[PDB]
Structure formats: C-alpha cells, structure tokens
Amino acid sequence: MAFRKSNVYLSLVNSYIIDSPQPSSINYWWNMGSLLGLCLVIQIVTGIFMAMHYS
Amino acid sequence: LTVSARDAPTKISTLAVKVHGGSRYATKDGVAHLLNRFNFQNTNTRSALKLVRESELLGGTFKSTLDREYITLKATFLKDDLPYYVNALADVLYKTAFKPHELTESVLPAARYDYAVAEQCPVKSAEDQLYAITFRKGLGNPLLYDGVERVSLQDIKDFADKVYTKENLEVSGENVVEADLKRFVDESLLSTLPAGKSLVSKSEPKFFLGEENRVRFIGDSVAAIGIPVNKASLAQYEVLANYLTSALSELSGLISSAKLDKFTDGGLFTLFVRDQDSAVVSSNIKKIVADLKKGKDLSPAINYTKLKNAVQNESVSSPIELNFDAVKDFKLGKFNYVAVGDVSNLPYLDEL
Amino acid sequence: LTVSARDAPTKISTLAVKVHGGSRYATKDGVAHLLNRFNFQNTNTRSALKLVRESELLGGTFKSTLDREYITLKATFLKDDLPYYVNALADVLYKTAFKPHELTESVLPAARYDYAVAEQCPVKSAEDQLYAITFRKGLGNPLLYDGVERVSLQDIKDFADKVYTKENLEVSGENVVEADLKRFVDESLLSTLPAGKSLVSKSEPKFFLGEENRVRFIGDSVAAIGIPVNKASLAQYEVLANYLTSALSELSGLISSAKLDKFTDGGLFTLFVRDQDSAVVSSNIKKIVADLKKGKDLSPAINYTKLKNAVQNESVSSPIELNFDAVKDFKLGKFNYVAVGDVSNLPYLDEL
Amino acid sequence: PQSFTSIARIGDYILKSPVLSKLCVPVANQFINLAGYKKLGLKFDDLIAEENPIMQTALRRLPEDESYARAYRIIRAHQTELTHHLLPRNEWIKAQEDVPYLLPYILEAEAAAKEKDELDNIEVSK
Amino acid sequence: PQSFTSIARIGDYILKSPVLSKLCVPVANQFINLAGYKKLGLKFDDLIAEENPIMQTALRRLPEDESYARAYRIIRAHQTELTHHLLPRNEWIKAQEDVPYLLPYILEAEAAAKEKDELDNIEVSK
Amino acid sequence: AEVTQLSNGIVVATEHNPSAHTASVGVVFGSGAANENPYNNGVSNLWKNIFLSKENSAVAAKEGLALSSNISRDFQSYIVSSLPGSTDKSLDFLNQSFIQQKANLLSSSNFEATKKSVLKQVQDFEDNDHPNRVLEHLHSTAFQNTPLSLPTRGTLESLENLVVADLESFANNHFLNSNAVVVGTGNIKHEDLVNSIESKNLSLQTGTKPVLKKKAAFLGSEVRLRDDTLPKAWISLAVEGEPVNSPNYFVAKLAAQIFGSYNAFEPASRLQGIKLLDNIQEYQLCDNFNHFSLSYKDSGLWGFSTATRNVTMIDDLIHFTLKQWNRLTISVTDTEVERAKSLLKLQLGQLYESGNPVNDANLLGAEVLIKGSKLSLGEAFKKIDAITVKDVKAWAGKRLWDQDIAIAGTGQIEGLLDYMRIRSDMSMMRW
Ligand code: HEM
Ligand SMILES: COc1c(O)c(C)c(C/C=C(\C)CC/C=C(\C)CC/C=C(\C)CC/C=C(\C)CC/C=C(\C)CCC=C(C)C)c(O)c1OC
C-alpha cells in the first residue's frame, strides 16, 4: 500500500481530506464546515497573539 | 388420501402427512430437496414466524423430512390441540406462498447446507452412486440439490402442484383418535386439494447389474455395492443385513455399513466398507465379496431379524411383515460397485 | 541419454531435457505435478532468484512442462550462451534443494492453482476420465495433483531419484550445434547423474473397452469417448481426427473436440462433444457414434492429415512418420465412455 | 419515518372517495410536477430515503434488472444535478412511468415487521 | 539489528581458536546463567525479538510441533514472570537444551535477503 | 538469405527456411480494420470468415491445403498453408479465390451462415473475453472519432447491418494489387513462387489505388464498463505511443520491457528483476499485468494492462505502476536498461524466429508494405544495443511525463479512481 495510507498519522489525514469518498453532486453549500474550521483557526491564532498584550 | 391413527393414553400426540415425492419422483435433480425445504414457510394466510411463534405457545413443533420415497410433513404436539397442526399441515400443502425472496433467503440457503454436511460423508456420497447407476433416472435420482441442474422457482412450484394431491398422500397418526383425524382431515384444506392421481409404482423398476462408477474424494475411503432385489427377495436381505451387522457373522467387523431399503416395488442392498486407510478397503472387500458367494446360511439370524424389524417399524405404515420364516441360505450372484476415496489405490470390480 | 540439435542461422537458440516421468510413471497421484512444479527452484549451489535474475541479464528463460509422458525441462535463449542453460538444466536434475519450505510456499501453492484452472474445464475433467477407466493404473493416472493421496515431500524426492536418470532422458536442441551440445552435456552434471535404467514401455499397455464413468459437474456439459488404439492404428486415427476437425466431415460442427495422442507403445482417440445445453450433448452424440459405425472413408483426408502432422511436429523427437499412405475406410468397433455435466440429462453408453 | 403502511391507509381512502379524489388528485398531480424530479430522470420510488432496515429488506428483494434500472437513474440524477442542469426534455421520466415499483416490498416488509413487533410483545390471558 | 550472519562470523572464529575459546567461553557460560532466563523455562532462541521480516520468515518456516513448543515456553514465561517467581528448579531448561533451534532459519533467511539486496543493485561493466 | 523482394506488377516477396517441413503462401492487403468506417465495421472480419467457411475450406481439404487468416488495424491478410512441394497447389487456389470466383463464396446461403456466426463470434468476445474487450475499448477512447478506434472484429451493431453488397464495397476499393503483397514463407524458394506467379495472366482493376481517410489522432480520455458481477477487475492504460518506423520504435519497446509482464502464480514471475514488483507483491495488489508499445502506421499506445481480484486496493495498483513510469524520465538505473535490452531480444526473437510459417507471413506482408522491405534481426539488435539510458530518459521525458492517458476497464472497478488522480500520477513534485 501507499505510505499516506499506511502511516499512523497520515492515514487519518488521507482518510478525511484526500481519499474521502464524497457524493459527486454536492454544491457550494457544503463548503461551510470547511469554512467553519477556517474561522475557528482564525479565532485561535489571532486570539493568542493578542492575549500576549492583554490584561 | 388414506387416514390412520393409533390412539394411546399418552401426553404427546403426533401426526404426519406421508407424501410420495422423494428423489424417485423428482422432476429435476433435487426438486424435492427445494420443496422439502420450502415447507412450513409462509402460506398465503399464515406467516412462518407466526406459525412457529404460535406453535410454541401451544407447545408443538413441525418438521419436513425427505427421503427417496417420501416428503413426510410430520408434526408433534400436546394432545388436546390436534386440529391446529392438522389444519397446519393441510394449509402448507395447499397454499404455501412460494415467494421469490423466501427462496433466496431461506430455501436455497438451507438447501446449500444440507449438501454441505453431505459432501463430508462418503458413505452417502456413494449411496447416491449406487442408485444412479443401478436403477438410474427413477430411484437413481440425486437425493439433495446440487446446482448442476438449474431448478428455478417455477420448477419448485410445478413439483408442488404435482406431488401435493389426494391420490398421492397418506395421513398417519400416533396417540391420535382415528375419528377425530378423519373429521378434521375432511374439514381441512386437505380435502380441497386437487385430487389428481398417484405416482406410486406397483410395476417393478428397470434395474441394472454389474455397473460400476468411481469417485475422487478427499476424506475417508469407502467402497459400496448395489443389488436390485425383488418384492420377494425383501425378507431375505433383511435377515442378511441384520446378520452382517450382528455378532453372528464373523465379518461384521470388516463391514462398516450394510442395510436393505424397502420400497413398495423394490429395495436396495448396499454394503459400505469405509476407513481412512485406502488399504483396509482393499483388504476387507476382497474378503467380503468372497465369504458371501461361498454361501451364507442366513437362518440362525431369523430370531434376530424379526426383533430388529419390529423395533425399526414405528410408522403405522410398513411393508411385508410376515415373510420372515421362509429363509435359509445366501449366495451373491451379480452386483454393482462404487469406490470412493483413493481411487488409484482402491479395488476394481474386475477383481471383485 | 540421447542428444540431438538441429542448427540454423538464427538468433534465438533453444534446448530441452525431455524426461520420461509424466502421469504414466507417477508413483502416487500427481507426483510428477509436484516435481514439474519444483523444477527451476533452488539447487544446492544456485538460488532460484539468482537463476531467474542472471537469466534475464543473459536474456533467456526456462520452463518445466508436464504431460502424460514427459517432464520436458526446456530452456530458450540467445545463441552464444548455450552452456549456461545447458549446465542449468543439468544442475536442476542433480541437486535441486527440495527444502520443506520451498514446498509449502511455492510448490504446493503453484500446484493448487493448476488444478484450479483444471476444475473449470470439463473437457480436461473427462480426458482424465478416459485414461483412468480405459488404460487404468498405467497411463490412466491422474495428470495433476489433487490432495486425495497425501504426497509428502519424501514422495516427491523419491520420484526425483527415479525419473532423473541417464537411461531415462533425451536431450534435444534447435538452433544448437550438435557437437557443442554433446560436449557441454558431457562436461555438465548430466553425465554424473546416476544412470539407472529406463521406464519407457516397449511392451504395449493393458487396456479396457466398453468401460464407462460419469461426473457431477457445474459448468458446460461434455461427453467423451476413449479408444485403446495400437502401434499400428496410429496413422489411421490421425487421418480420422484431422478429417473430423476439418471441412470434409459434415459433422465437424457437431464435435467440439477430437484428437489422437501418440505414445511409443500406444495412443488414445478421444472425441469431446461439449456445450452448455445438456440437450446438444444428447443430440450430437446419438448421431456422431452412428455416422462412424456406418463407415467413414478416411482417405480424402490423407493430403490434409500429412500437412497437419508435418506442422504439428517441431520437436526433433517424433513417432512413426511414414505410415500415412496405407489408409482407407473407418468403422467404430468398441469404445469407452465418459459423460460430464448434467448427468440426469446426458446419454448413457447403453444407448450409444 | 411516517409509515408507508400509514400512507397507504390515508392515500387509498382518498383515492376511493370520488368526493375526495376529485378535490385532492388535481393538486397532487400539480405537486408531483413542481417537485422537478422527473426532470432528473427520477422516478419517485428512487427518492425514498434508504438508510433504514425496511428499505434494505426492500432493495435486497427488488428484482435484479430492476435494481440496475434504479442505479442508472440515481447516477444520471447526480451527474446532471452536478452539471447544474436538467435533462434533455425527452429523457425525463414520463407520467406513466413514475410507477410505485418499490412500494410493494416496502409494504411487504413493513407488514412483516409490525407483525414481528406484535409477536415479540404478545401477552397472555389465562 | 546486529546481524546473526555477523554474530556467526565473530562467534565461529572465537569458537575455533583454541586460544580464544578457552578465554571467552568460560565467561559466556557464566553469562548465560546470570541472565536468569533458563529459570523461566526459556531457551535462548525464544528471546530473539520477532517484530521484523526475517524472524517472520523464520517462524513461518519453523516446524509445527517446534512452534507449539516455543509457544508453551513463551506463555510459561509470562505466566511465571507475572507470578513474580521462578519455576520449580526442575522445570528449568537444562544446559543441553538451550540449543539454537531457530538460528538456522534466521541464518537461512538472512542469507536469502542479503542475496536479494545484492541482486537488486547488481551493476554492469561493459 | 536476406529475404527477396521483386515486383512485376504484383510485388512478390519471400523468405526461405531450409529446415522447414512446410511452407505457406498468401496475400496481405495494406488496408485493415482502420480503413473501414463507423457503420461498416467488422467488414474485414466478415471477409475473413467466409474465406474459412466449410465451402472453400473443404475444397482445399482434399487438395491438402490449410488456410490462415487475420485482420489487424493497419493491415489485412489472406494466407494458405501446405507442403512445400504443392507450391502451385497454393498459388492456384489463391488465384481461384481472389480473381476467378466471386459469388461462389458470396452465396445467400453462405453469407447468411457466416454472418450468423461472426455474430456469435463477437458475442462471446465482448461477453467473456474482458482482457481484450478492455484492451479493445482502450483504442476506442484513446483514438476516439479516428481510424484506429474501430474494433478489429467489428461492433455487433455494424455487423448485423451488413449484407454482401457491403463485403464488396470494401473489396473492390481496398482489395487491389497496389495495396497487396504476396508472401512466401517456410520451405520454398524465391524462384519457385515468382516463376509460378508470372505464369498466370489477367489483371484486376489495374491503375486503381485504394482510398484514404483523415489521419488518426489521440486524446486523453476514459471509458468505464463497471460490472460488479464479474469476480475480477480488468484495466488497461496508456499514452500516445510511437508508430511503426518512428525514431524511438525500439527505445519505446525497451521501456515496455523494463516493467514487462507479471503472473502472480508462476513462482518464476515473482522473482523477476522488476522494481515495480517490489511494491505490488506485498498485499497481492493483482493477479497479473503486462506492458506494451503497440505501434501502428500513424500513431501508437505505450501503457500496460492488468487484471486483479483485489478491489479495495486497485488505487495503489495503478499508483505504484504510474510512479515507476516516472523513473523512466528521472532516475532509471542503467543496469535495469541492460536487463531490458537483453530481454527485449529474447522476446523479439520468439516473435520473429518461431518455427511457424504463417506468422512469418503477416510479419513480412505488413512490414514490406509500410516501409517497403523487412528489417533483419541483426539490424534490430544493432539498434536496441545502441540505446543508452539517455535514450530512455528523453523518450519518457516527452512521451511519458505529464501527458494525457487513456484508461478503460470492466468488472469491479468502483475502486479504480478518477481521471484527475490517475492522470496526475504522470509526474512527481519537484523543487
Ligand atoms: C471560537 C473562538 C473565539 C470566539 C468566537 C471569540 C470571540 C470573541 C469576541 C466576540 C471578542 C470581542 C471582540 C471585540 O469586539 O473586540 C473577543 C475578544 C478577545 N478574544 Fe476571543 N474569541 C475566540 C477565541 C479566542 C482565543 C483562542 C483567544 C486566545 C487568547 C482569544 C482571545 C481574546 C482576547 C485577548 C480578546 C480581547 C481583545 C479583543 O476584544 O479583540 N479569543 N473574542
Ligand atoms: C464529508 O465532506 C467533507 C469533509 O469531510 C471535509 C473534511 C471537508 C474539508 C473540511 C475540513 C478539512 C474541516 C476541518 C476543520 C478543522 C480541522 C478544524 C479544527 C481546527 C482546530 C482543531 C484548531 C486547533 C488550532 C491550533 C492548535 C492552532 C493554534 C496554534 C498556535 C496559535 C501557534 C501560534 C503561537 C505562537 C506562539 C507562534 C469537506 O469539504 C467536505 O465536503 C465535501
């Protein structure tokens, strides 16, 4: 088998982001959870960086 | 549409619907097997789940049995409930749903498994080899299904229309009261069954003698003979098999199996010598075929044989009872042969 | 320890080591099959990986072939390298490692698969049925292994000591220079091989006639005959099979297969009629057996038959060449029979 | 999970009453048009949600070539749906086609289930 | 992963030299005692770490009843080890027993591997 | 001794073998199943099968003749085989069949018994011969709407639409002399045939050329015949290969040679010195494969073909393989190349030097048509060996790396992935 499938870590990466079998027909509505994870990451980065100067 | 019932002061009543549609009457290879294994399925008004469910609550169970001659739709219950299981068997005979799915998910499956336990017993492997080379297309039919001949669901249904007829069945009964049976039999769908005609063979069957066939098998090694005995030769091979299987015949420990079947127009005397060693088959068949041809006074086993056929019979329907006392000597004339297991190291007929 | 080699101005040399240890010479059921499939394994000084690895680099390949008579250890290469593959074949014959593991992981496996493709071709299923009922224990041996007889690794080794002898092989060669072969043959381990004796049969084989056996098979339906022809009857059935397989015989489109084998002391004339429909077997065998007994003037196919045996032969070792011109008429006297597929709906010999 | 056995009850009733039937069916007809679905080659029995046992008793049971049929439509559906289009007008399932091919089995199985439910909790009076 | 083929080289040499052999083996003997392991029914070939291909070529190959043997010891080991005890003195593997039952195959396989390694990178001079 | 080639109107070619027991004569029409059209497909395989219908084959069966026939894509052949002495017995029976007789084989009882058997023929093929079926469709999609696409044995569609008026429509256009070559193989001389040929008069439709079509072309595409009822999965894949008489004809056959051909059952196969094999075998990713560089007059197909009972892991199968193919451009071992050159030769041999005249015919007939002459084995080998690694690293560098592919298949190919995956594995990420 391929490495990304075999590795303990990259297998998740593959199976949730690379090799995941999606319905062929889904539209831009479904792009929301993706864009959801992106905000949560924007929240956490900028938050921490700000906390460094917050009282 | 015969009807008997031997009453008694017991707790467990029984029943049956002895039909004439075993292998011998099979349209295609093992269509009885698909029909034996379609019984007590869903009727058109009763569900096999409900049939099973209710039965336990009343305390009784059903069982479709197959053999070369019968498809005995027996039941078994507590006494006070006879008409239920009576109408039950009847209702199965007339109107079993015979749905496409009931086949693929319950009939064909259940059929496959029977043949599975078959392919791991060589004595039986050959007891179908006897019949199919001796009697041939008649009683020499494949007992259980094997997919070699594509029995569709249509072919299972025709065979149900065929064998399920008034002039082709025989109700039995044990611890049943005969009048009660006849009445409930008549008030049941049984009497409404298209009477048709019988298939029971009164005219004796065409047979063969000296025929041989061999099988490539992975398992124990077994060799087997087949004898087209008569309506007369019946009680002879009965006092023979019971002697060969007893402590009188010195060679009961050289034959693994030996018995005579009983039809209403024939029989078959098969002797099976089976063992792992492909030797012991050559060593206990070169002798067995000899000792018999030499001559066997079967008479000392006439006190035995009777006992071993007055305990064997418990079905209210039997063959020729009194025929025993007129036996004496035996001599093996002609015979058929099937060898199973290690073929390149098992006897041939030409040396037997 | 014969040695020939027909040179030519070509690029690809070839080779062989035609041995006498096919089925006919098999100790137990298919021990040639385990030995055919043990060749070009590891020797005691050479590894089958290295044997394969090096060969490609030199540009040549090896192939152990089995049949009823041979275990032909042929090679095939570019010319300038003959001694390599020469000593190779030799080195296999003398000292193949025959390790326990090489069996379980490469021999038994590879053996199992051959039989797999076998069990899905009924023509072959029956062509082992012919031999094993006609000739019996001799050439009527199981061609490929089948586990019914437990051939241990010991039994594979004895058979290697047996069939691998000077007086039991015949080196061949095509685009090889004969002197080069004889020299390298002599300088090879070949000459050091225990000479022993031959097993080649000059005295003709005990046969049988009128024997029949049938098989329960799921697949196409096929029926097959078997004829113990002579060292004389050779060229007769050759102009017969080539007529039956040609546009002259009107019934070439009623027979799926027909050909005659050639041994140095016999042959076998098998005709296969195969089809899905269990009918077409009853319909093209009730006729075929007739049209031949009626009489077939095989002579118009004597211009054909020669051509179809001067192209068939390409092995420098053949049987009786000039024997053709003395043929005329044919009539089917006695014969053996095997029926495969739907047995309850395929002909019997008694109606053939 | 409103039951098919239950939709049968209601929708049979309405179909029978010549009173009701004349009122309802015009609309129902108008409805199964506005749905859009026969324009994606879809028969209505295609649409029925499957992720539940009954439908998986009901598709295991559905005749072979019938399932190959379903299949092609379901893929044709997705394919087109993703092309953000509607089929060539003459590829649409026609009003006579939209037949309840599945509904017997669904009903066949529903029945069977409700029966077993009952027969698991069947009580006793002595 | 110091190689067995390599332990062979070194340990054979030492075994051969009557010089070396007399110096070393006393200690080595003293060592394979202080280990404690023959007191948990363990032969030394039991101890060899298996999670690698060679040993799995070497256990697939190891004669049946031989593996049943290994097995019992390995379980006997664990069992006892967990009882925080040593075996009944007369259950211990005895000095003649601790035989390299596995080592041929390990060597057999090591050999085979190094060969293939070579034959994968075999170059050519023209 | 070097193959003979002389023309007196009829281009007569022969090739002698002094150790042959038999010989063969026949014609090769330089127009095959790729000179046909969309709705006359299989006309060339229909012509072959009347030629072997019991009628004409019973004639030559008293005479001691055997007939051989085959249709390719660029070419089309009609061969007869017999003993070397009955060499006039061949030439005459050929003459009868192709200038004398016309409607003796073209009966309404013949032709409706051949077409009612080339219909059962092409209905066991597309029914049960998946590996070629897959292989055939591969052309259909790679060379879609272009000459090579038409399956050689023709569609069951354009094969029930064809009467005798159509067998001829192709005959009288493409069954000429200026499109044919007569061959002599096996055990006969050049001065035996070209003598017995100038012995006979007449001329059929002289001056006539056969016609032409739009030259073939290639385009990256798929076609997928999923069938989840078939126990295995068959796949064939390729790029725009190399034609016959292309500068890299041999360079490309050497590449194919490297990865080669597998059979997971024959223990011999398991040991081949093929790098790819290291991967595939771990989990048994397949039952077999094999490569190729199919060359045709106008275009070619370099790729490979595989069958597999391993359905969940096909996605690796195609992956390991197409990655290997990348090495051919960036990292092929020289010592791999030699094992190629070496093995090519052995294969290219049993091709050209088989002891069977009928093969040496089509081989000759086709080649002496396209380039005029044949090329000798020593000529071929002298080329194979010249080939460096740089030979293979610049051929893959144009032909293989990041180029459109052409997949086709059937069986359990749900696992066979999509086109933007597969195609993407033509390259590797670089800095
Ligand atoms: C789900 C993730 C988060 C959400 C929804 C969220 C929401 C908010 C909102 C609404 C405010 C007030 C913003 C304004 O009006 O100024 C705020 C402020 C703040 N947040 Fe977060 N927050 C998140 C994560 C974080 C994290 C991970 C940190 C890490 C330290 C963080 C640190 C801060 C700080 C220091 C402030 C005050 C400065 C400011 O208001 O901009 N936040 N947050
Ligand atoms: C089934 O269908 C799917 C589908 O499965 C997926 C996965 C996607 C793709 C969607 C995703 C990949 C969404 C995934 C969402 C997440 C992974 C969100 C998780 C995010 C976190 C858990 C945040 C954690 C973040 C940190 C630890 C960063 C903090 C580190 C910092 C701040 C370091 C900086 C500090 C210093 C001092 C430098 C689809 O589009 C989709 O539709 C077809």
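Residues numbered from 1 in each chain as written, not as in the entry; some residues may be left out. Chains lettered and ligands numbered in written order. Part of a larger assembly, values for the part shown. Heavy atoms only, no water.

Per the PDB record, the structure was determined using X-ray crystallography to 3.0400 Å resolution.

Thoughts on the overall build of chain D
When its secondary structure is counted, chain D shows six helices and zero strands. Along its sequence from the N terminus, chain D presents helices and strands in the succession α-α-α-α-α-α. For a compact globule of 126 residues, the expected C-alpha radius of gyration is about 14 Å, and chain D comes in at 18 Å, more than 25% above that figure. A principal-axis box enclosing the C-alpha atoms of chain D has dimensions of 65 × 40 × 20 Å. Counted over contacts in chain D with a minimum sequence separation of 6, partners at least 24 positions apart contribute 76%. Between the mean site of the 16 positive side-chain charges and the mean site of the 19 negative ones, chain D shows a separation of 6 Å. (Helix = DSSP H or I, 4+ residues; strand = E, 2+ residues; numbered from the N terminus. Rg over C-alpha atoms; globule rule 2.2 N^0.38 Å. Contact = heavy atoms within 4.5 Å. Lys, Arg positive; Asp, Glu negative; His and termini not counted. Charge placed at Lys NZ, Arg CZ, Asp CG, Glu CD.)

Description of the site of ligand 1
Surveying the vicinity of ligand 1 reveals the residues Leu 40, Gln 43, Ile 44, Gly 47, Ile 48, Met 50, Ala 51 and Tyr 54 of chain A. Taken together, the residues that form the shell around ligand 1 break down as six nonpolar, two polar and no charged. (Near = heavy atom within 4 Å. Nonpolar A, V, L, I, M, F, W, Y, C, P; charged D, E, K, R; others polar.)

A word on the interface of chain C and chain F
Counting residues at the interface gives 37 residues for chain C, matched by 34 residues for chain F. Between chain C and chain F the total buried area reaches about 2,900 Å² when both faces are included, carbon and sulfur atoms providing 66% of it. Looking at the side of chain C facing chain F, the largest losses of area belong to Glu 56, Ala 247 and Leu 307 of chain C, adding up to 19% of the total buried there. Our count for the chain C to chain F interface comes out at two salt bridges. Of the charged contacts in the structure, one is a salt bridge between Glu 266 of chain F and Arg 37 of chain C, with a shortest N-O distance of 2.4 Å. (Buried area = accessible area lost by both parts, 1.4 Å probe. Salt bridge = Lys/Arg side-chain N within 4 Å of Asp/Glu carboxyl O.)

A look at the pairing of strand 3 (residues 23–29) of chain F
Residue and element names in this part refer to chain F. Across the seven residues that make up strand 3, a large majority, seven, are buried. The side-chain alternation of strand 3 yields two buried faces, one formed by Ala 23, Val 25, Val 27 and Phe 29 and the other by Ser 24, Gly 26 and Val 28. With seven bridges joining them, strand 3 and strand 5 (residues 76–82) adopt antiparallel strand pairing. By the bridge assignment, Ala 23 is partnered in strand 5 with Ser 82. In this sheet, strand 6 (residues 180–186) lies alongside strand 3 in antiparallel orientation, the contact comprising seven bridges. Paired with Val 27 across the two strands is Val 182, which belongs to strand 6. (Buried < 20%, exposed > 50% of the residue type's maximum accessible area, 1.4 Å probe, protein only. Pairing = 2+ DSSP bridges.)

A word on the arrangement of the chains
Of all eight pairs of chains in contact, the one with the most contacts involves chains C and F. The smallest C-alpha distance separating chain C from chain D is 22 Å, and no contact links them. Separated in space, chain A and chain E share no contact, their closest pair of C-alpha atoms being 17 Å apart.

Considering the site of ligand 2
Residue and element names in this part refer to chain A. In the vicinity of ligand 2, the residues found are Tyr 16, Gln 22, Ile 26, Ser 34, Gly 37, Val 41, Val 45, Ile 48 and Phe 49. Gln 22 has a polar side-chain atom sitting 3.0 Å from an oxygen atom of ligand 2. Contact with the protein chains hides 42% of the accessible area of ligand 2, taken as 1,000 Å² for the molecule alone. In terms of residue class, the shell around ligand 2 is made up of six nonpolar, three polar and no charged. (Polar contact = N/O pair within 3.5 Å; in protein donor to acceptor, adjacent residues only side chain to side chain. Areas by Shrake-Rupley, 256 points an atom, 1.4 Å probe, with all protein chains shown as cover.)

A word on the environment of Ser 305 of chain F
Residue and element names in this part refer to chain F. Tracing the chain through its elements places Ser 305 in strand 11 (residues 300–308). Taking C-alpha positions, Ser 305 is 22 Å from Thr 146, a pair spaced 159 residues apart along the chain. Filtering out sequence-adjacent residues up to four positions away, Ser 305 remains in contact with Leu 135, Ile 235, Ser 236, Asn 288, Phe 289, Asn 290 and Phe 292. In terms of polar contacts, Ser 305 uses its side chain to reach the side chain of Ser 236, at 2.5 Å.

Observations concerning the sheet that holds strand 1 (residues 4–7) of chain F
Residues and elements named next belong to chain F. A sheet is described by the order of its strands in space; here six strands give the open sequence 1-2-6-3-5-4, paired in mixed fashion. A strand with exactly one partner marks an edge of an open sheet, and here the two such strands are strand 1 and strand 4 (66–71). The average undirected angle you get between the axes of adjacent strands in this sheet is 15°. Bridging between strand 1 and strand 2 (residues 11–16) involves four bridges; their strand directions are antiparallel. (Axes fitted to C-alpha atoms, helices over the stretch in contact; angles between N-to-C directions.)

A short note on the sheet that holds strand 7 (residues 75–78) of chain B
All names here are of chain B. Strand order across the open sheet formed by three strands is 2-7-4, with antiparallel pairing between neighbours. Of all the strands in the sheet, the pair left with one neighbour each is strand 2 (12–14) and strand 4 (61–62). Running over the sheet, helix 3 (residues 82–95) touches strand 2, strand 4 and strand 7 and is turned about 160° from strand 7.

Focus on the environment of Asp 227 of chain F
Residue and element names in this part refer to chain F. The residue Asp 227 is located in the loop between strand 7 (221–226) and strand 8 (233–240) in this model. In this structure, the C-alpha to C-alpha distance between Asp 227 and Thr 146, residues 81 residues apart in sequence, is 27 Å. With sequence-adjacent residues up to four places away left out, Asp 227 is seen in contact with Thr 410, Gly 411 and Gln 412.

With respect to the interface of chain F and chain A
Contacts between the two partners involve seven residues from chain F and, on the opposite side, six residues from chain A. Regarding the contact of chain F and chain A, the summed buried area is about 560 Å², with carbon and sulfur atoms giving 39% of it. Scanning the region where chain F abuts chain A turns up four salt bridges. Two residues, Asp 315 of chain F and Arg 4 of chain A, come together in a salt bridge whose shortest N-O distance is 3.5 Å. For the pair chain F and chain A, the interface holds six residue pairs in polar contact. By residue number, the principal contributor to the side of chain F that touches chain A is helix 13 (residues 314–330) of chain F, which donates four residues. For the side of chain F that touches chain A, a count of residues per class yields three nonpolar, one polar and three charged.

Thoughts on unusual backbone geometry
Although it is not a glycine, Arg 136 of chain C sits at a positive phi angle of roughly 65°. Phi angles above zero are rare outside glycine, and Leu 202 of chain F is one such case at about 65°. With respect to the secondary-structure elements, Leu 202 of chain F resides in the loop between helix 9 (190–197) and strand 7. The class for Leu 202 of chain F is exposed, based on a relative accessible area of 68%.

Thoughts on the nonpolar core
All names here are of chain F. Membership of the largest hydrophobic core comes to 60 residues, with the highest contact counts inside it found for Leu 237, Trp 302, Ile 318, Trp 325, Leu 328 and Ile 405. The biggest single contributor to this core is helix 10 (residues 249–259), with nine residues. Once residues within four sequence positions are removed from consideration, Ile 405 is found in contact with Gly 220, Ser 221, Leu 237, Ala 238, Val 239, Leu 322, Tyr 419, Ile 422, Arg 423 and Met 426. (Core = buried A, V, L, I, M, F, W, Y, C linked by side-chain atoms within 4.5 Å.)

Brief notes about the packing of aromatic side chains
Within a pair of aromatic rings, the relevant descriptors are the distance that separates the centres and the angle that separates the planes. Considering all chains together, one arrives at 37 aromatic pairs over all chains under this definition. Here the aromatic rings of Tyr 113 of chain C and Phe 265 of chain F are separated by 4.5 Å at their centres, their planes lie at 25°, and the arrangement is stacked. Here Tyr 113 of chain C, found in helix 4 (residues 100–118), pairs with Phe 265 of chain F, found in the loop between strand 9 (261–263) and helix 11 (267–270), and the two come from separate chains. Since its relative accessible area comes to 30%, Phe 265 of chain F is described here as partly exposed. These aromatic residues form a ring-pair network of at least three members: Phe 29, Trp 47, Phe 51, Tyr 78, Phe 98, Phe 170 and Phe 175 of chain F. The side chain of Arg 68 of chain B reaches across the aromatic face of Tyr 131 of chain B, ending 4.4 Å from its centre. The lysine or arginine in question, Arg 183 of chain B, covers the ring of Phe 184 of chain B, its NZ or CZ lying 4.9 Å from the ring centre. (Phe/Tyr/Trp six-rings, centres within 6.5 Å; stacked < 30°, edge-to-face > 60°. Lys NZ or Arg CZ within 6 Å of the ring centre and 35° of its normal.)

Considerations on the side chain of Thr 308 of chain F
Residues and elements named next belong to chain F. Within the secondary structure, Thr 308 is located in strand 11. A relative accessible area of 0% means that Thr 308 is categorised as buried. Within the structure, the side chain of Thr 308 is placed 3.4 Å from the backbone oxygen of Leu 285, a separation counted as a polar contact. Excluding anything up to four places from it in sequence, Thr 308 contacts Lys 232, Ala 233, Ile 235, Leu 285, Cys 286 and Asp 287.

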